[PDB]
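Given as structure tokens, the chain that follows is alone and in the form deposited in one PDB entry.
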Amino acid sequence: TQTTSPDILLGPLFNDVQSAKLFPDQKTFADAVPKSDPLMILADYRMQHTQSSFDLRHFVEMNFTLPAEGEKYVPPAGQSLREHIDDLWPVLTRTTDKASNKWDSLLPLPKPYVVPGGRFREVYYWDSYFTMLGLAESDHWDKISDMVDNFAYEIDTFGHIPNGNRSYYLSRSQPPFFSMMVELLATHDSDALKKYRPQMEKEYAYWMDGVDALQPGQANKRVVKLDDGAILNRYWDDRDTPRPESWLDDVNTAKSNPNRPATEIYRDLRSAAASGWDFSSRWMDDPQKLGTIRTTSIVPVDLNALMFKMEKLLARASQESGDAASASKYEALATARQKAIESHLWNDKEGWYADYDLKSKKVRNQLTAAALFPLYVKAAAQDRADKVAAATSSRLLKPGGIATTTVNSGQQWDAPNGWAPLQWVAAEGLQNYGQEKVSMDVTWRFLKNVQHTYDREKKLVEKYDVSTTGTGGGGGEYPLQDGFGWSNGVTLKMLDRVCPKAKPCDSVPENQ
């Protein structure tokens, strides 16, 4: 298991390859596997670099195994949407079985896993929950059990679930869905919550690391204590360097705001990656300037909704294990979390849940799809859930699904993009509070987007443009990717919902 990230292993050669844009994707060289000791490669590089007619591209090809060019998968013709999804899971399944070089950035895992697709050649944390939803729908429980085993292994090995199983992802996590993954598995293997309680508790300790030493108004890593003593979590990456997989992007973003310390920009870029919303006006002081991103001074409402669910599931796992003391402890933590959400992440002037600003010490005004998360995890009061439903129908519901924000910044977690996980969180949260009409509106409009895109493009994609139906989304630092893990998973769950359980549909119906 290579723990040293490529930027450190390969020093100036890494900076050279990335700054030269040898490859159109910065992630490509981050995933390049050295054919020999980096000490040798750097020595050979230092000596061969001076030679006239030295070709950096040839040196890289000589000394590195590069990621597969992605010679496109071709399915049999004529498959329906459901057929296409059902038969695509093997295409997205990968293992670390390959003869593992000591310096491979891909971290070994015990079991096979499902990747999102395209350039995403590793297992991702929050993607996998929504992928598991689709695997469960289509009766692939061994694949689900295997991925839960992988995530438990990562918790035991690294202390937390990394963004993905890459050395350059070890410094951060992602939206914490592991407890909800175990809950999903428990619907099939009734002992799963008891079985994985130790890793669930270890992950909780990672998020809460240092909470006991905090005074009001202080923060440590992923946890904050507000001026009134309320305890909440934030996204946080342990490093303050450029992301190796986006090296040149982050260097240039830092150079675009030279009056700000680059380490602070890098920390907030990395922590936005930890949020899953890389990137969004949600984190930015100026939605047109990524150099104004300030993720670590924002208390995210979605993260703290997920922390509430984790505390509730830890109490359930403890209660099922016959551990009354732990069950009581975690129930009390969940109760305090719910109060902290209602007291600090509710915008009463606007009538929706929102992030909390650590600088101004106030709930923020911006409406994003994260406002649905307290409904999703059943922390919201009914009257506030009703107001969020009204804000959703009136501001976020678009022809092709629920919008991510109302700000078209050019970043990908923003208008006009709709993301499968947010469609599911919205539909479920609305359903949890009896808002069945808006819930079905989100479901139907996103399914129509997925079906029309599949009819026209013969694929599912990473995100969708919700201003119409039939087109994938865009924005941000890399092109729209195909596959695609959570799009496929959410689509299966929603497709089952719009046709009778006894006569399922394989395409989204024409009407309703």
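For every residue, the number given is its place in the sequence shown, counted from 1. Heads up, when I say rigid core I mean the largest set of C-alphas that superpose within 1.5 Å between the two forms.
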Comparing 305-313 with 358-366, the one whose average Cα B-factor in the PDB entry is higher: 358-366
Residue range whose averaged C-alpha B-factor is higher in the record, 264-272 or 287-295: 287-295
Among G473, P479, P67, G470, which carries the highest Cα B-factor? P67
Given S487, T453, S36, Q26, identify the residue with the highest C-alpha B factor in the PDB entry. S36
Chain-wide C-alpha B factor ranking for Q18, given as lowest, middle or highest third: middle
In terms of its chain's C-alpha B-factors, the third that includes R445 is the middle
Entry-reported Cα temperature factor of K387, expressed as the chain third it lands in: middle
Please place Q319 in the lowest, middle or highest third of its chain according to the CA B-factor in the PDB entry. highest
Just say lowest, middle or highest third for the CA B-factor of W103 relative to the other modelled residues in its chain. highest
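The protein also exists as the form deposited in another entry; that form is not presented, and the subsequent description refers to it.
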After superposing on the rigid core, which residue among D142, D87, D285, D97 shows a C-alpha displacement of 2 Å or more between this form and the one not shown? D97
Superposing on the rigid core, I want to see if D482 changes position between this form and the one not shown - specifically a Cα shift of 2 Å or more. yes
Given a core-based superposition, decide whether the C-alpha of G118 shifts by 2 Å or more between this form and the one not shown. yes
Compare the CA separation of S171 and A99 in that other deposited form with the one in the displayed structure, and answer closer or farther (the difference is at least 3 Å). closer
Sense of the change in Cα distance from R82 to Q481 in that other deposited form - at least 3 Å versus the shown form: closer
